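In the form deposited in one PDB entry, a lone chain appears below as structure tokens.
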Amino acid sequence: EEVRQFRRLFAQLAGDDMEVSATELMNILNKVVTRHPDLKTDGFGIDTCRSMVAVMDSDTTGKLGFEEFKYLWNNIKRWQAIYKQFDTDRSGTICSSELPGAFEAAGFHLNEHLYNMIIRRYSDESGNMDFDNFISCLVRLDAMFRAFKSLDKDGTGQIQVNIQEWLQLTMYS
């Protein structure tokens, strides 16, 4: 009864409006990381969770319905496993050297330039990335892959994006 127990997880987490808000997501995540001492974090901030919710909120209800949440949560579960696997010095954080292997293992094969860009945006002055920043980066990276894929109808490797779609994809995220 796994999908049962997951259905229970969602229902109790979503509460009275049956959708998962930025705050409810923030709270469950902080609650869960608390039990994983191998994962260092300063915590999931509200801003970060609003951004994770918008980027998963396919129907734009402001909040995460069952499928949108299930997709997010199944990814976080695989990604968490990967972070542990690739923290091979047990700093509880992913440094620049560990990051490629980790992201590849989640199925994003980026080049050097991009790996650097990501380190610049999401890692600290030491080149170290803690767990909330890794999850947040990955959720967005995956959404941006998926959004490109949707727009490349013809499979040319190029998308045309109008300003309305651009603003929608960049501001609601």
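So that there is no doubt, residue numbering starts at 1 and follows the sequence shown. By rigid core we mean the largest C-alpha set that fits within 1.5 Å across both forms.
The protein also exists as the form deposited in another entry; that form is not presented, and the subsequent description refers to it.
Engineer: On a rigid core superposition, would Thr88 pass a 2 Å threshold for CA movement between this form and the one not shown?
Structural biologist: Yes, the C-alpha position differs by at least 2 Å between this form and the one not shown.
Engineer: Does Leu39 shift between this form and the one not shown by 2 angstroms or more at the C-alpha, the core having been superposed?
Structural biologist: Yes, the C-alpha position differs by at least 2 Å between this form and the one not shown.
Engineer: Superpose the two forms on their rigid core, then report whether the C-alpha of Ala22 is displaced by 2 angstroms or more between this form and the one not shown.
Structural biologist: After core superposition, the C-alpha of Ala22 moves less than 2 Å between this form and the one not shown.
Engineer: Versus the form shown, are the CA atoms of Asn74 and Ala11 closer or farther apart in that other deposited form, given a shift of 3 angstroms or more?
Structural biologist: Residues separate in that other deposited form, at least 3 Å farther apart.
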